[PDB]
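Visitor: My questions all concern the structure below.
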Amino acid sequence: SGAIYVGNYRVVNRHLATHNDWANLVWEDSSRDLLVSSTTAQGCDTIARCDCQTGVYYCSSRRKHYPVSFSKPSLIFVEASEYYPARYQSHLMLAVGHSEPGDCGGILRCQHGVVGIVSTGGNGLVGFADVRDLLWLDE
Ligand SMILES: NC(=O)[C@H]1CCCN(C(=O)Cc2ccncc2Cl)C1
Ligand SMILES: [Zn+2]
């Protein structure tokens, strides 16, 4: 679990969105596993606007932050699950590191701010849904 709060927006994994998230829906994309809902309170997270390939992510299954090198956002095949059939997920970045299903929502950050959130994992690889291209989050 975990979300990004920027201005009047809440960014979450689409497979983990709540009834409230869907009732205050701004945008959602199944191919990216992302959903954005509106909020009454103001958010203070800073989104990075960069092409960084190094950062730090929070891993709840270990109660620890880990430094990682990660790939540029791309279409990567993701094995079937209870939330989606087998498909290519777009805007996905991979790193060598630990992750478990409950780790989704953990933030990945570089020196410029929030890069993305944990979205996939397995075989000693963790996947992050990139958010740096969503320029509208800041307006
Ligand atoms: N983005 C998706 O389609 C995910 C939906 C939930 C299931 N997905 C996983 O990868 C779950 C997983 C398994 C083992 N270790 C880490 C993780 Cl995050 C895929
Ligand atoms: Zn950066």
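In the structure tokens, the first chain shown is A, the next is B, and so on; residue numbers restart at 1 for each chain, and ligands run from 1 in the order shown.
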Please give me, as a PyMOL selection string, the residues lying within 9 Å of ligand 2 when counting only C-alpha atoms and all ligand atoms.

Guide: chain A and resi 48-55+109-115

Visitor: Grab me every residue within 9 Å of ligand 1, counting only C-alpha atoms and all ligand atoms, and send it over as a PyMOL selection string.

Guide: chain A and resi 13-16+30-34+78-87+89+98-104+118-129

Visitor: Could you tell me how far atom CA of residue A:75 lies from atom CA of residue A:130, in Å and to one decimal?

Guide: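 According to the coordinates, atom CA of residue A:75 and atom CA of residue A:130 are separated by 11.6 Å.
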
Visitor: Please give the complete set of residues from chain A that DSSP, run on the backbone, assigns to strand (DSSP E), formatted as a PyMOL selection string.

Guide: chain A and resi 4-13+25-29+34-44+54-59+64-69+74-78+87-96+107-110+113-122+125-130

Visitor: Mind checking which residues fall within 7 Å of residue A:57, counting only C-alpha atoms, ignoring those fewer than 6 positions away in the same chain, and posting them as a PyMOL selection string?

Guide: chain A and resi 65-67+106-109
